[PDB]
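Here you get one chain, nothing else, as C-alpha cells; it is the form solved without the ligand.
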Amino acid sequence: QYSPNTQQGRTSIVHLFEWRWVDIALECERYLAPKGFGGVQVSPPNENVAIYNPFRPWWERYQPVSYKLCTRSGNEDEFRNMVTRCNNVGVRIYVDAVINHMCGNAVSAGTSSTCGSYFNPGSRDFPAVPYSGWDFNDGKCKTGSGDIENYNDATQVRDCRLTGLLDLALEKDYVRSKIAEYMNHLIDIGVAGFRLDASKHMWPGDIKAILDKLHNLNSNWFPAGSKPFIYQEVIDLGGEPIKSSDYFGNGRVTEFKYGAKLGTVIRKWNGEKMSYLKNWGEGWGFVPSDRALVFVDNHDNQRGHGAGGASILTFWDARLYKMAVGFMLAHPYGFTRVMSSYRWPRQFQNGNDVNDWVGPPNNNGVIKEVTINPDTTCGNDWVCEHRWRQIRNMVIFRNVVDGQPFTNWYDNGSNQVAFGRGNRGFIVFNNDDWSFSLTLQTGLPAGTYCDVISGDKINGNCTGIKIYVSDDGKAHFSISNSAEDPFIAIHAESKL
C-alpha cells in the first residue's frame, strides 16, 4: 500500500484535475511517458450529481450517485482505453475514490446525474448501487444537526455528515463490499492505486476492512502480488484529536502541513526564512517520509479556503510557485504530487474568491479538450503547470537523483540556500531581496552543467545558464533577486 507502483526511476504523479479521459490518454503517450512522469491522479471516475446552481462546479464530483464509470470526463470504455494506453507506455493511473459519502442530503431527487441514474437523497435511495437508508449513518450520528459540528469530537467526525454529505455506514460488510466491488473493478481495469477522499471522516479500521477486500494489481502489467498504492486524504494541521498517524497501517497520508509551511516560508510570513529549511521533514512535525504524499497545493486548497488557507502557493503566484515546487522536487522527503490546473475567473471580495466554485473550462457544460500550443503550453484555459519547463525539468531532476542523500547544505542565515543530492544533483535558491553570488561545494563530478530551470540540455549544448564545476566539486552560482526564476538546478543528466 505504501509503494507507488510506478516504473523504477519515475518518482512523481501529476493531478490532471478535471481532464477528460481521452486527453489523459493522449497526454500519457505524447508527454508523460517521454518526460518521465510516474503517473496521473484522475478526478473521481464514478457517476456524480449534476449540479446546475451554481453551474457545474468542480465540487459536484465529490457527490456520488453511483459507481458507474460515467462522468464529464468520459464513459467506461473511454476510462478503460485511457488506463490501457497509459499503462502501455508505463504511466500509471491513480483513482480519486469518493467512498465516505454519497451526495448532499438536501439535493433534489431525480436523474440530475452524470449518467442519468435515479437517486433520492431524502429517502436515502441510490438504486444504481444499490444503497438504501440501511446503508447510512443517520442512526449512529449523535449530533443535533446530523452533520459534523465539532472537530474536537473524533467520533462525530467519522459518523456524521461532512457538510451534509450522506455518510455511508462503513462498518457494514454490505457497504464495504459495494465499495470494494467498485475499487476492484478499477484495479482489474489496470489502475495502480487510489487517493482515499475524506479519509479523516472514516475510521482507520473501516478503511482497513475495505482494503482487505482489494485485489492485487492487474497481472498483465504488474508483477504478481503488487498491492494498490493507497494515499489517504487526512487534513491534520495539529490541534485536533484526529492524527494522521492513526492511518499508517492502511497506506500513506497526505501531508497538508508540507504545503502550508512551505508557503509560509517562501512568502516569508511571520519572519520565516528559507534558511530554516535545513531540517525540513519530520523535524517540522511532519509524518515519516515513507508515509507522506506531498504537494505544494491541491485542487481544494489552491482556491484558498482549504488546509493551509492563504499561505498556499499556486500557479497564480507563478514565480514563487515554481520555486516551491522546485524545492519540493529536489528534497528527498515524501512521494511527490504535482498539480495541474485550469484557469478560472478568480474574483476576491472581502478576501475570499466568490468564483471558487467554477468548474473546468467548458462549452455548455461539456469539458473542453486540452489543446497543445507550439511552445508546448496548453490552450483552452488549461494551465498545464506540469508542462512548465521549470517544473517538468524538476520532475526529471527528482528521477535522476532518486535514492541519493540530502547533503552539502548551505545557507546565508536568510533566504539564500542550496543543497545537493549525493553526487547526482545540486540546487540553489535566492529568495532574498538582494543578489546571490558565491562559490559553493556541489558534490558533483567536474564538468559543465546546464541549468534546467533557465534552460535545457539540447543537442550537446545548454539553452540557458551554464554552471562550471571544478575538480574540487565547487562551482560559482550567481542569481539576481530580479531573475525570472531565482533558482538554479543542475544534475548528472544535464552535464555536457
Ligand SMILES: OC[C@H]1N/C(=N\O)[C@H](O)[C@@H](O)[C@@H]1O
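Shifts are known only where both forms have a C-alpha. Heads up: residue numbers just count along the shown sequence, starting at 1. Just so we're on the same page, rigid core means the largest C-alpha set that superposes within 1.5 Å between forms.
The form solved in complex with the ligand exists for this protein as well; it is not shown, and the discussion that follows is about that form.
Contact with the ligand in the bound PDB entry, defined as any heavy atom within 4.5 Å, is confined among 216-224, 404-412, 198-206, 422-430 to 198-206. Candidate site formed by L162, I235 and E240: every one of these residues places a non-hydrogen atom within 4.5 angstroms of the ligand in the bound PDB entry. A residue is said to contact a partner when one of its heavy atoms sits within 4.5 Å of a partner heavy atom; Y151 meets this definition for the ligand in the bound PDB entry. Core-based superposition between this form and the one not shown shows that the consecutive residues, three or more at a time, whose C-alphas shift by 2 angstroms or more lie in one run only, 304-306.
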